[PDB]
Amino acid sequence: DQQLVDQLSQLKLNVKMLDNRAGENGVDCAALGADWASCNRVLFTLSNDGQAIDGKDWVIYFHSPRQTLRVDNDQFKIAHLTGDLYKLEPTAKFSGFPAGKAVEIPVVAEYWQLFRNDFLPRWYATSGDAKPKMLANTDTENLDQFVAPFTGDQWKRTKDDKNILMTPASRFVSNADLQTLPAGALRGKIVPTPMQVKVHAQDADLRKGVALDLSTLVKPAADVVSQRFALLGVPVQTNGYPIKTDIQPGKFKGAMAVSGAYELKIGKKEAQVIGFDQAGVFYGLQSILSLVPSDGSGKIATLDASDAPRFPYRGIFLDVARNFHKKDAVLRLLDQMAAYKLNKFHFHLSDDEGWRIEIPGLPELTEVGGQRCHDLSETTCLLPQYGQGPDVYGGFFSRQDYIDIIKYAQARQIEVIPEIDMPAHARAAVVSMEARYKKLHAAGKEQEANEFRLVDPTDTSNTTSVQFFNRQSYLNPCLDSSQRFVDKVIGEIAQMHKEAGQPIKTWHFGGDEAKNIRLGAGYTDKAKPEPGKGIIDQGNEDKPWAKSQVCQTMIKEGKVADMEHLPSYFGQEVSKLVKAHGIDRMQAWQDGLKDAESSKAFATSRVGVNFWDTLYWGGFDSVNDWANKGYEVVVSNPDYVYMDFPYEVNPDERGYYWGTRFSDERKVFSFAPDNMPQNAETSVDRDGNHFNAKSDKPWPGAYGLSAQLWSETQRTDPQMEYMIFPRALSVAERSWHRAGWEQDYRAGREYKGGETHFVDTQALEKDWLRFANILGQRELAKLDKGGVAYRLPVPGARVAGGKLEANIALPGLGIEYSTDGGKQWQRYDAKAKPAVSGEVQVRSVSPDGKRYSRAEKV
Numbered sequence: 028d029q030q031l032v033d034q035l036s037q038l039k040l041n042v043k044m045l046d047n048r049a050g051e052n053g054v055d056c057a058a059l060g061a062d063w064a065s066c067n068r069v070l071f072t073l074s075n076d077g078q079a080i081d082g083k084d085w086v087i088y089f090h091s092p093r094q095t096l097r098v099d100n101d102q103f104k105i106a107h108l109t110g111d112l113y114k115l116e117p118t119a120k121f122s123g124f125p126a127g128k129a130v131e132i133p134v135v136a137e138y139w140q141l142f143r144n145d146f147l148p149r150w151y152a153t154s155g156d157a158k159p160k161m162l163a164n165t166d167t168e169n170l171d172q173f174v175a176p177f178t179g180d181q182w183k184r185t186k187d188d189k190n191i192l193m194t195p196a197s198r199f200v201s202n203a204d205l206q207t208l209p210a211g212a213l214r215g216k217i218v219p220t221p222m223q224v225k226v227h228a229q230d231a232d233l234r235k236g237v238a239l240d241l242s243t244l245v246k247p248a249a250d251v252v253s254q255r256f257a258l259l260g261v262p263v264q265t266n267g268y269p270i271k272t273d274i275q276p277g278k279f280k281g282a283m284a285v286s287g288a289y290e291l292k293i294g295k296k297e298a299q300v301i302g303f304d305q306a307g308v309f310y311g312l313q314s315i316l317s318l319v320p321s322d323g324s325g326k327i328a329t330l331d332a333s334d335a336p337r338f339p340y341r342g343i344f345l346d347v348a349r350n351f352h353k354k355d356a357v358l359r360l361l362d363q364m365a366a367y368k369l370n371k372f373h374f375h376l377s378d379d380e381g382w383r384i385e386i387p388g389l390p391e392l393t394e395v396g397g398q399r400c401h402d403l404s405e406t407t408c409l410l411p412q413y414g415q416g417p418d419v420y421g422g423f424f425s426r427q428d429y430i431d432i433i434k435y436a437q438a439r440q441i442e443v444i445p446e447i448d449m450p451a452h453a454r455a456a457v458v459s460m461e462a463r464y465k466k467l468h469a470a471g472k473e474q475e476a477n478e479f480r481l482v483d484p485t486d487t488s489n490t491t492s493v494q495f496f497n498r499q500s501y502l503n504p505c506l507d508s509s510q511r512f513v514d515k516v517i518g519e520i521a522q523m524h525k526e527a528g529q530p531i532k533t534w535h536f537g538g539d540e541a542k543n544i545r546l547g548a549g550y551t552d553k554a555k556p557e558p559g560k561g562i563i564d565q566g567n568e569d570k571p572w573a574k575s576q577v578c579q580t581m582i583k584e585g586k587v588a589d590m591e592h593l594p595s596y597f598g599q600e601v602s603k604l605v606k607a608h609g610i611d612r613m614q615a616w617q618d619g620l621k622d623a624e625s626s627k628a629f630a631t632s633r634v635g636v637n638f639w640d641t642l643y644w645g646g647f648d649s650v651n652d653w654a655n656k657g658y659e660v661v662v663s664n665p666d667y668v669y670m671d672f673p674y675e676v677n678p679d680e681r682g683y684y685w686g687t688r689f690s691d692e693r694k695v696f697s698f699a700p701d702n703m704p705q706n707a708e709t710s711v712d713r714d715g716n717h718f719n720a721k722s723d724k725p726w727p728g729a730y731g732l733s734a735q736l737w738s739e740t741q742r743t744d745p746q747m748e749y750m751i752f753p754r755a756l757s758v759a760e761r762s763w764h765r766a767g768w769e770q771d772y773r774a775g776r777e778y779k780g781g782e783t784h785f786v787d788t789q790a791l792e793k794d795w796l797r798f799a800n801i802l803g804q805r806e807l808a809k810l811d812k813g814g815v816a817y818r819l820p821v822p823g824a825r826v827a828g829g830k831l832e833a834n835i836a837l838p839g840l841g842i843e844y845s846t847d848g849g850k851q852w853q854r855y856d857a858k859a860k861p862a863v864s865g866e867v868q869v870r871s872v873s874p875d876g877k878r879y880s881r882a883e884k885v
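The sequence shown maps to residues 28 to 885 in the deposited numbering.
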């Protein structure tokens, strides 16, 4: 009843990592069914400051990205519901939560939990009658409230992990090649770097404003520029410094004769931008704006530049499905994209845990699919996921919100690419269409009920998705109703884009992870168990749709060879629907199209792939095959450009980390997307090891670059901003500009980390030093003005010769220190270092002085 839930809600949870490598220390993880026999031991402690809790009619619900494999307190048991949702219940041996005591519940979980961020907030209790209530101390984004600090070598994945733990003292070393450059060295430095620039000695004075000639641009685009001058403190006035614009396509030739190319001339008395097109004029103006200083001086260098993008596709991907992000956050992101010349916004509007776009005629998609809540029937909500609590959590973009976003991107020269992921990652759609089926069926409207149904009622397939959903995560690609649904959704979204004035150019089908993870290599069968693998019953495991009667008859009429080819077949079918709606380009995650012959198998004349294999695993050679089969390769490697991964190897950092342990601003900048093998000399794998890379295959080149923000642990808008910025500025650089240390691809050349010395790393280092200085001394102050809650790096520090020496990853940023336990903070001056004794803590501060990094002790 309610009393029982009220009692449980007052239990205080404490989570403590016990052993991240339990398999190395005597636990038989294989016998517990752990993938690759890898498992960890965690302690859950529930403390009771009230009277004894003796009822047994209760369930405690919690979230975890890891499966629980064993519970080592026999008074309790843990069962999986679906996705990340688990339940803790009393067994027959349960004898209560004693008054004033703590109960300890040790568990064994699959894999490892290397970051405190792995542990999710908002545990909640239920009981018969009662409304669910959270365990109050867990109702927070501050993990310090319920998760103990990691100690010792608990951050290590294996005993052989070679990653380096980042503390002030080891960070000082990683940053020691950096120094603060004199302002003079940053004169005339546009970001992203222009193809060609000649800086002159005179400066142009913008203090009394600029007189803009934006006649070449449509009003909304011209308004963007005017607003941005004003934001950075340069008033627009007729009597100001004249900036003239023109469009002259005929002045550009060959590979410079592309959208976004421009010629820029900044003189002492006036400036002139000549674009190939409107994007080109807009970009030349963003280049001038990039030069506006953050010291209030309003002076910029005179110069002559000629520029054009290295790639036509310079993207940012955003997941709003896992956790929603508000329209205002999306707009702020589009502003920054335009400022650094990123032009493709890949909008992941749906997944298992949410559906975020209103679709005329299919209200259940947003009414049910748009919200999560504790509704076991999933008639009004999808089940809770990701530690957002038991109560309604969600949101979606109305049709007008969506049109607003498209207009906003269009003014900024950004193309909106909608993604409706299928045939896997489709639980929100499948469950919503099941609520629709039920509703209409109840009213006796059977044909309407079945019209858009995404389930074959005969299907009894036993399949487990990557996030531990079952067959409802997979829309059935064999149903005519499924094709009706796709067609309807394409139609409705294409209409919004037409209304917004930016007709869809690319439809993104998704296509990722359409498989049963239990048939993967790290699992083995109970009957003939291979050593080192998770022992499960694999005989009851099906490939997706294997038990669907409709898919079986499709295989018999000769349409598809086998069940495994369904995702690719479905992609071919969707391309026809895409083409039928007047869209001539389709894009997908490459694994979804792996069984298609070539780009020739699709109805659109253009087919792009987001290439998301990791390099150290072989991605440096497998990418060639996509380009050579006719696909436009959009480089999206998780080991460099996944922005849901941590900035540094520190257990208090945010992010997932399956593809790599960290990717900071520097690592992202150092990525060479058009000569993938060369990254073997400039980076390390996920365990900090050097790797080797070679390809003998032809490489025609990449079509683009994309950086992804997946939203599993980015529960809030500020968290999303922390994760994207400032490292998206490194993405903008690399997607626009090909550096001198980025070598031409050479078939048969083998780069061996730690061994070969093909790459010019001194050139790389010098380029990064300048770029880091431009961020710390100029651009982060502009992010402050755009209201973006970017990550502030923690300083590096050491104590030497009795004084504090501190440094930072982005030189120019302010540093503070405290010698009293972090109560009084003082500014660090490098030319008058402070004499220090005892415990010292350091933190950085934003240019506007309002925000601080996390504080760490040296």
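By construction, the Cβ of each residue, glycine as well, lies at the ideal position given by its N, Cα and C atoms.
Beta-carbon contacts of residue i that lie in its chain and below 6 Å, excluding the five residues immediately before and after
{"i": "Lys39", "result": "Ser74 and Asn164"}
{"i": "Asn190", "result": "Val676, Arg688 and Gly715"}
{"i": "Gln614", "result": "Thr533, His535 and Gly635"}
{"i": "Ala808", "result": "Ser321 and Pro874"}
{"i": "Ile610", "result": "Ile531 and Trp534"}
{"i": "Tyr772", "result": "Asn702 and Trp726"}
Run of the alpha helix (DSSP H) containing residue i, from where it starts to where it stops
{"i": "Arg511", "result": "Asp507 to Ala527"}
{"i": "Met747", "result": "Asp744 to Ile751"}
{"i": "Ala476", "result": "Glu473 to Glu478"}
{"i": "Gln494", "result": "From DSSP, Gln494 is part of no alpha helix (DSSP H); its letter is neither H nor E."}
{"i": "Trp763", "result": "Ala755 to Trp763"}
{"i": "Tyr667", "result": "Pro665 to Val668"}
Those residues which DSSP pairs with residue i across a bridge
{"i": "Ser333", "result": "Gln223 and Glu290"}
{"i": "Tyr658", "result": "Note: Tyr658 sits in no beta bridge, so no partner."}
{"i": "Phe89", "result": "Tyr113"}
{"i": "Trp616", "result": "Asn637"}
{"i": "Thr551", "result": "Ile562"}
{"i": "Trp382", "result": "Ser377"}
{"i": "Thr95", "result": "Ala136"}
{"i": "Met44", "result": "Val69"}
{"i": "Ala862", "result": "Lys830"}
Anticipated Cβ contact below 8 Å, residue i with residue j, distance rounded
{"i": "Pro504", "j": "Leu593", "result": "5 Å"}
{"i": "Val134", "j": "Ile105", "result": "7 Å"}
{"i": "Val867", "j": "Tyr844", "result": "6 Å"}
{"i": "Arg383", "j": "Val347", "result": "5 Å"}
Cβ neighbours of residue i in the same chain (closer than 7 Å, five flanking residues each side left out)
{"i": "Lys606", "result": "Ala630 and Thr631"}
{"i": "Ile430", "result": "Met523, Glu526 and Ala527"}
{"i": "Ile517", "result": "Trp534, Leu604, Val605 and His608"}
{"i": "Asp101", "result": "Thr118 and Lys120"}
Delimiting residues of the beta strand (DSSP E) encompassing residue i
{"i": "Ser253", "result": "From DSSP, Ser253 is part of no beta strand (DSSP E) but of the alpha helix (DSSP H) over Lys246 to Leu258."}
{"i": "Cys66", "result": "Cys66 to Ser74"}
{"i": "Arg341", "result": "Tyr340 to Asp346"}
{"i": "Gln735", "result": "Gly731 to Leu736"}
{"i": "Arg870", "result": "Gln868 to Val872"}
{"i": "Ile105", "result": "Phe103 to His107"}
{"i": "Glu777", "result": "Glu777 to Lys779"}
Contacts around residue i, its chain only, beta-carbon distance under 8 Å, and the 5 residues preceding and following it disregarded
{"i": "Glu473", "result": "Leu467"}
{"i": "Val660", "result": "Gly635, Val636, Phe638, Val650, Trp653, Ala654, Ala729, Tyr730 and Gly731"}
{"i": "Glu591", "result": "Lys570 and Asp622"}
{"i": "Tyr138", "result": "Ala61, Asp62, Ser65, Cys66, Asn67 and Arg93"}
Heavy atom of the ligand PLP within 8 Å of residue i beta-carbon
{"i": "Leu819", "result": "Absent from the structure shown: the ligand PLP. Ligands present: none."}
Report the residue ranges of all alpha helix (DSSP H) runs contained in full by the region 139-213; include only those spanning at least 4 residues, in chain order.
Listed in chain order, they are 195-201.
Write down every uninterrupted run of the beta strand (DSSP E) in the region 398-447 whose length is 3 residues or greater and which is fully enclosed by it, in chain order.
Counting whole runs of 3 or more residues, the region 398-447 contains no beta strand (DSSP E) stretch at all.
At 3 residues or longer, and completely inside the region 273-322: list those beta strand (DSSP E) runs for me, N to C.
Listed in chain order, the complete beta strand (DSSP E) runs (minimum 3 residues) inside the region 273-322 are 289-293 and 298-302.
Jot down the residue ranges of each uninterrupted alpha helix (DSSP H) in the region 795-856, minimum 4 residues, whole runs only, in chain order.
Note on the region 795-856: whole alpha helix (DSSP H) runs with a minimum of 4 residues are 807-812, in chain order.
Report the start-end ranges of each alpha helix (DSSP H) in the region 673-718 that is 4 residues or longer and not cut off at the edges.
Counting whole runs of 4 or more residues, the region 673-718 contains the alpha helix (DSSP H) stretches 692-697.
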